[PDB]
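Okay, structure first, notes after.
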Amino acid sequence: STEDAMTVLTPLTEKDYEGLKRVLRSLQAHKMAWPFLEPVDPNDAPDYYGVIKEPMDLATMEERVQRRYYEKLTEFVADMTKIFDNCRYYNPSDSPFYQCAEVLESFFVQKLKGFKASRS
Ligand SMILES: Cn1ncc(NC2CNC2)c(Cl)c1=O
């Protein structure tokens, strides 16, 4: 689709970056975002950093947005998806963190679709 191709191939503009900031702030404000606002502390999760190959959190993404790290929407989506995939990989499905990942990713998907639509 056009949105698929734009996501992979069209460099993020300054207008795109304002949209990414809005998406990120929406995630940070969500009631279920608190487990993901800052990196996992090793004291909450034995072996976390040996198990999880590419840790990610919303504060690291915020730093990257502010530094204009992302060149393509795909890269921003990849970092956000690491947050949820890492959480579901490390934790059992009855963990409250796993539950938060399910809800927050669903919200992200809604906001992401809105952002993609706005790029045209
Ligand atoms: C296993 N584990 N432990 C803590 C955590 N979040 C912390 C950041 N402040 C709470 C997540 Cl997301 C997780 O998966």
### Tally, over region 78-101, of residues that are closer than 14 Å to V23 by Cβ and buried (at least 17 other Cβ atoms within 10 Å of the Cβ)
3
### Query
What do you reckon, is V40 assigned to a helix (DSSP H, G or I), among the β-branched types (V, I, T) and either within 16 Å of the ligand (Cβ to nearest atom) or surrounded by 16 or more Cβ atoms within 10 Å (Cβ to Cβ) (or both)?
no
### Summary
Restricting attention to region 102-116, the residues that are farther than 17 Å from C87 by Cα, surrounded by 14 or more Cβ atoms within 10 Å (Cβ to Cβ) and within 13 Å of the chain's Cα centre (by Cα) number exactly 2
### Task
Report, by residue number, each residue of region 43-101 that is under 12 Å from the mean Cα position of the chain (by Cα) and not in a helix (DSSP H, G or I).
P55, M56, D57
#### Entry: Hits in region 41-62 - residues which are closer than 13 Å to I83 by Cβ and in contact (Cβ under 8 Å) with a residue 24 or more places away in the chain
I52, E54, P55, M56, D57, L58, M61, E62
### Message
I'm told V65 meets every condition in (1) surrounded by fewer than 16 Cβ atoms within 10 Å (Cβ to Cβ); (2) more than 12 Å from the ligand (Cβ to nearest atom); (3) not acidic (D, E) except one. Can you identify the failing condition by its number?
### Response
(1)
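Every read-out reported here was derived from the displayed coordinates using simple, explicitly stated rules and does not represent laboratory data. Here the Cβ is made from the backbone with ideal geometry for all residues, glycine too, and neighbour counts use every protein chain on show.
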